[PDB]
Amino acid sequence: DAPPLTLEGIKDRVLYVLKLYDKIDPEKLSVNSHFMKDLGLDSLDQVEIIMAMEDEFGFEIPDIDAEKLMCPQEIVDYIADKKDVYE
Amino acid sequence: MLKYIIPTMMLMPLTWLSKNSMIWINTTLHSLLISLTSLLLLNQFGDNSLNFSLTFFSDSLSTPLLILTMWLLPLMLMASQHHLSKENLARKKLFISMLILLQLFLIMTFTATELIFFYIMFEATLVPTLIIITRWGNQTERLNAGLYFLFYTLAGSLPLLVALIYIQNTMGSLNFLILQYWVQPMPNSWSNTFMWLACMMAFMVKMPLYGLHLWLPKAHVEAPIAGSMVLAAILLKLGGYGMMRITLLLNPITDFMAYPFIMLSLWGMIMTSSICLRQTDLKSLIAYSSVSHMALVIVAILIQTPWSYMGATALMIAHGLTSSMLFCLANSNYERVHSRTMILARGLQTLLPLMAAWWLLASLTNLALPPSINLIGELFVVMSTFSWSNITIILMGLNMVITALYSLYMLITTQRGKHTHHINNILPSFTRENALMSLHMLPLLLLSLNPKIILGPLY
Amino acid sequence: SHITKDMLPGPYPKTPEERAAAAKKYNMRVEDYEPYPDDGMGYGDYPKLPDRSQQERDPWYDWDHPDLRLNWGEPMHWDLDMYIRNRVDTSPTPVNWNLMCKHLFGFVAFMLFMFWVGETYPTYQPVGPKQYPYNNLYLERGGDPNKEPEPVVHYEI
Amino acid sequence: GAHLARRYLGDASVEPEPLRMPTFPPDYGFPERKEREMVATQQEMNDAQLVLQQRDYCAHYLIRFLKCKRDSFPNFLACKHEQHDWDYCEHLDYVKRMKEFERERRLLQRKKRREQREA
Amino acid sequence: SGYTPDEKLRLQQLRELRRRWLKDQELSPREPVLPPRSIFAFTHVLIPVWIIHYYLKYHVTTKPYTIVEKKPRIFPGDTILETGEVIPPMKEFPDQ
Amino acid sequence: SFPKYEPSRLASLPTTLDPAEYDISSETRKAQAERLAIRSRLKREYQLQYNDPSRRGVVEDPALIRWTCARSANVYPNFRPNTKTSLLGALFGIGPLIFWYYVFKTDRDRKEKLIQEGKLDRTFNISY
Amino acid sequence: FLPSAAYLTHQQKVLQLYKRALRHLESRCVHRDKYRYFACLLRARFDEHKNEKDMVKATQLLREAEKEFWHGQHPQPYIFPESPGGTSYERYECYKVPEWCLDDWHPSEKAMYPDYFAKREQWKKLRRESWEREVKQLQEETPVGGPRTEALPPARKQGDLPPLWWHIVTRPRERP
Amino acid sequence: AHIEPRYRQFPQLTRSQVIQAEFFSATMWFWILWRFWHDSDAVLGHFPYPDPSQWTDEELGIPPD
Amino acid sequence: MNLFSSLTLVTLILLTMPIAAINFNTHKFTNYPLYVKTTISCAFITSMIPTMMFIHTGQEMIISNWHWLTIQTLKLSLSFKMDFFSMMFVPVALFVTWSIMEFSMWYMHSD
Amino acid sequence: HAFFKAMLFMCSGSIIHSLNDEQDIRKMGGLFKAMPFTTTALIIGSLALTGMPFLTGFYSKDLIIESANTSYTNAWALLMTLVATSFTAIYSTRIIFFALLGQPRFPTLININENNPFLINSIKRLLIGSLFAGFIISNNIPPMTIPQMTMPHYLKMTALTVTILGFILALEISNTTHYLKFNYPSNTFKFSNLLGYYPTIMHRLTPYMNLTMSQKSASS
Amino acid sequence: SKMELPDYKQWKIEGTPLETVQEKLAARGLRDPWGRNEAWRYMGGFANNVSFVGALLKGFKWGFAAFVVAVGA
């Protein structure tokens, strides 16, 4: 029970499940994008996104962090911290 | 028997006129030689005891205890370094010669003929243990420990002398055969009740019984490992040996006058197994375990069945080995961390991956794993007490359940689940402690194969 | 080493200096220091805590001691040896406690009463006893080689 | 079945109690109808070490069953006709026991209710 | 709320340190370690079988009250293997 | 729609339906700030005396030492014999002892009188 | 009970309620489509009075929401098999050996793995080289006479490592 | 070299595991069909359960009362 | 029968080698799962025979030896009895555990 | 039963280690044709539960309940075996439906593999065991009791009756699970799900009482 | 460690329970779901996974032929 994770792979999987989400566009979907400034979605659907990451990868993230991710790059960084992603 | 007495004397000036890095091999080698020498003893057969003099003799109760003592000495002597090897040479020699004089009075005590000689050698067994635990008590209340120790054992064992002198000058001499072959029943006058109360109460103090068990825990949590093993194994089973001998007299009133002590022992066995489920200071759990097993011993002594005496002596020898071993493992853990507490030192399934095998083996002997001797003892005592009464088996089984639970809690508390990861000083296991474990648990399994030796006079 | 005045003699009174000393000593809030009080049960002057505290303390805080929820400096409630997880788990229950005990006692009482109703009223499929060939199968029960013949027969029906 | 429901709900007189079935004296409507042959040779039945609650009727079918099973052991599926016939004999024994039941049932019912509803 | 910049900077220094450590932990010098320096069924169902078959004749029959057999059941149409005499057959069957 | 979750000594009260967490006065904010400050300073002292590369031994927590000394050695001082202490002592120490004592007297007197009659099942009762 | 502040806030309290109710709705509802329907219905129910300028009516509706939530929770809320309470709860803790060990080996096995132990020795020299001055000065330098927080500042000054990092970096890899 | 993992699509099946899966299911069903029909009649009891004993008064032994 | 008692006692004694083997080995065998699986399979094939002999005729027998503490009017030896339950349950348990040896070869590959 | 549930546990562990040791039925939903060796294995096992007539599981369970029916019973234990056979039917069918033939709800990056010689050998060996060994053992027993074999009508049919009504009852519970209502706990749901009340009450009351008495009365 | 990313705007949800429940929630008047996620759960080798009695009817597709051959045997 050890499939190897990598940074490009986790970036692709997180961007896949963000692009599959409804009320964003596949055009203006950047890695360095805000969940507050440019995507314009609210905190509620932001924590729906946080729930999507928790339900995909298989672990909770605490609410001391769920205040303050707000961008996909720090999402990738935080699952990189939970998983310690090197071979 | 003087063939065993006089080399135990001549092992003492050995320790004096050996030098630095020279006392150790001499003492340990020659004490193991004396262990073979008393392994030669076991000849005892059939009709009676065997008389090693006009002065000494051996019952078959005395042979396995005597072999246990001369087995337990070199184990103890190797066990009592690394906590005094950095102390002075003269003080180390004084410690070793104190243990040798201690063993000498133990052999004196076990090979007794007359009960007055037995009493003199009883308190001569007492006096080195005091000096050892007070001089190396290693904690702030060794004062109170030694004080409680000596005053309980003397002031309980004081009128025993008066009762034995009274028996001496009412029924002739006090050879165990002439205590036998001439004993007549003594009716229920109150003087007989006080005489029986005096003798049985002095040995009640030395077991301990439940109302006088706080003699014990300070005297084991504030003792060095050598005095703790001496005290637990040899002194408590020596008290049981003494009551097993002197219970030959005064059988026609022990039925009428034995009712409160049995009930005190039973309810206190339940309470003591309960009290060692929740305490800290891991060293003390073995002490209250010892109080529980000795309460079961006292039930077995005051009921007077041959089944009961066979179970009693098996429980004595097996619990002596179990308690001495488990004290040695607790000393190993205290050598690891300077705590003595229970919840601090944790983990240790990863680290030291075969120390846990010895903890598991000791914990399952204290569980009374069934081929071992401890289950043989406990089982025959339960059989004899169920023939005594059709009701006491509730207490025995509830003792079994709570004994299982606290022994297992001792196992999986300190050595299961997670290291506290601020320890970072424990060394991998030395060859010495592993050798001590191997000296404990080879003879217990080898008697588990062939246990017809250790059963008592009523074999 | 260890200071002599980091031991703990005597209860609460009097209120200014002793409560100030216990607040400096046990590392607690001043007016949250609670002695038991002094009913003479021993107990020293050690604090009362909210007493459950171990299926509490939600496990994502990332404190120091991972299986005890310690933080190296809490005053450590008196009955902690009964409160290590693996000993007593006082979770907030999904229903109640009174509802639990009343429904469990009711179900077990009803099932044992129906067991008694079964015990007084057996079933049987309507059939007489077996026709044992030699005097209710005599001489092959407990013994009796020539003591007493016990004559009883069967008739074809 | 529902016979036990009748025995628990209705009148418990006319429904007979089990384990105390012999109540009425024998051959009350039979007279001279009995063989009870039992030619199963009890000494041989003890010689072959049979079981308690098998020292009973239809025994010689069991004797030949064990005999042919021992004598044809590698023929693992051999003895089935004797097994079926022993089953049929014990079926007739069970039928005879049920007939004994309802015999004593209808005797108790019709006799006692006839006498105590015309007397 | 979000991170402070100090937490972000401290956290990225820990990113670099944890990644260097974990990349060091995968050892690969192309050599991890270096060395310093019918029979089953035959032995197991013969040699303990031979020893137990030697044990179960001699010593176990010199101990007198030892391994004993609940008796082979004889049937009324058979004969005795040992000396030889028959058992009488069962009698008449009828009305099956 | 719900009987408002009566608590017990076993069922813990969860963090949601307190309902004291929703009457937030300034005193609760002050207490939470000071409690975070205490936990901050204790974790600071512990982490500075935890990550030292020269530190060989254990960190030697005074909390565990203080709790153990309060638990064992600081019982017998302090004490006064109260009505509650003496009552519970003579109840939970002497009551079960005298109860088990009387019932074993009863069982032993039954068995002694019954085998004095001789009508016991000791036709073979060897292992006594 | 949290490291950052003395309380969560009202906002994150409502947020944790939303996460818990949504998770319990997962544990209640299979087939995922009616789940998606009911999740959007719950989102609308929180959309009904999101924009209350009031506060006391908001927290009273929060308490009544907790009542209708605790009445309507699930017996087994769907805990993931990595979470505490869940199926794993440090499942492979058998091999989560701390790294203060592995230096107490015989030098035969230290000859078996040479490069790893050389690099580990320079790790420990990196640890001791910047342990006293920078780390203890940054700890006894910044805060108030009471610390009053459980965060800690980085080593943004010039060079070396942020303080108190050894038992944070050197952890088990959570699947060995 | 061995089988691959894929992402959010139906996994591929090699032919061996699926053909022995269908084989084992079909052989269970063949066994229970052949065993239900060959001799037993294990659902039934092979012998007719009678009425209450025969419902024949003046048989089984009574007097005309 | 000498064959019957011999095969039952070697079904006992085949479950005695591997524990003392790796207690005496100190050179870590690679084929240790294969070894435990094949000794359980050999125990199974030795246990299939006397059960078939049991149903074939009967011959329902007890073994009893090495009495220790034959103290009072009782005695106790190591003794076990081949009737029907202890006779022909043992192949089922050995067969089940042999398949579990296979499944635990695979399932515990990564420890 | 031994052949039976050894094969069942082994199939379950095959599924669990196939899907990254996640083990829960929620987040497992549809795994039929994720290779159907294991799905075939579990439907063999769970239909051998209650004894699809007539397999190895038929003989034991159904001759036991019919012999209990033809016995001087306690008139309540018969109804207990009735309700218990119905219950074991309904959770067998529910666990097959929720495990295998639902809609697939399990997280991505699938790593399902059973092309594995040891696992196909073990599952093969135990389905071959649990299909034949009940008949083989039950055939050649020495007859140690008298079989009844003479049952009334509607008392031999009742085994298959209860198992079929259990299948239909779990089927209609499944087709109500297809619906959408978000129903509420009615406390019999809670009594069934939460172990009802016995481990919680005993494991939170019996440790607290003996250790309340250990601290106050015994030790201090 | 490549994955090739089976990508977005491909699912296009249409899966009949999700589409009809977005119909029902549209008639309710919300029209704000999570969206096109679960079509990987509702199509592919999925999308009418067989009903429960079908897994029990699965047994005789190779079964009846073998049974008729054994009847002819």
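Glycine too: its Cβ is placed from the backbone N, Cα and C atoms.
Going by Swiss-Prot, these are the annotated features:
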TRANSMEM  B:22-42  transmembrane segment
TRANSMEM  B:60-80  transmembrane segment
TRANSMEM  B:98-118  transmembrane segment
TRANSMEM  B:147-167  transmembrane segment
TRANSMEM  B:196-216  transmembrane segment
TRANSMEM  B:224-244  transmembrane segment
TRANSMEM  B:256-276  transmembrane segment
TRANSMEM  B:284-303  transmembrane segment
TRANSMEM  B:308-330  transmembrane segment
TRANSMEM  B:351-371  transmembrane segment
TRANSMEM  B:391-411  transmembrane segment
Positions on the same chain near the transmembrane segment (B:98-118), where near means CB under 8 A and six or more residues out:
1, 4-5, 8-9, 11-12, 15, 27, 52, 55-58, 62, 65-66, 69-70, 73, 76-77, 80, 124-125, 128-129, 131-132, 161, 164-165, 167-168, 173-176, 179, 226, 230, 234, 238, 241-242, 245-246
Outside the transmembrane segment (B:308-330), six or more residues from its ends: residues with CB under 8 Å to it:
61, 64-65, 68, 72, 75, 79, 220, 225, 228-229, 232-234, 236-237, 240-241, 244, 282-283, 286, 289-290, 293-294, 296-297, 300-301, 355, 358-359, 362, 365-366, 372-374, 376-385, 433, 436-437, 440-441, 443-444, 447, 451, 454-459
Stretch with greatest number of CB pairs under 8 Å, the transmembrane segment (B:224-244) reference, B:22-42, B:60-80, B:256-276, B:284-303, B:391-411 candidates:
B:60-80
With pairs fewer than 6 apart in sequence excluded, do the transmembrane segment (B:60-80) and the transmembrane segment (B:284-303) have three or more C-beta pairs that lie under 8 Å?
no
Given a Cβ distance threshold of under 8 angstroms, which distant residues of the chain, six or more beyond its ends, lie next to the transmembrane segment (B:391-411)?
266-267, 269-270, 273-274, 276-277, 282, 285, 289, 292, 296, 359-360, 363, 366-368, 378, 382, 385
Where else in the chain does the transmembrane segment (B:60-80) make close Cβ contacts, counting only residues six or more beyond its ends and a cut-off under 8 Å?
4, 27-28, 31-32, 34-35, 37-39, 41-42, 44, 49, 95-96, 99, 103, 106-107, 110-111, 224-226, 229-230, 233-234, 237-238, 241, 244-245, 313, 316-317, 320-321, 324, 328, 331, 432, 435-436, 439-440, 443, 453-454, 456-457, 459
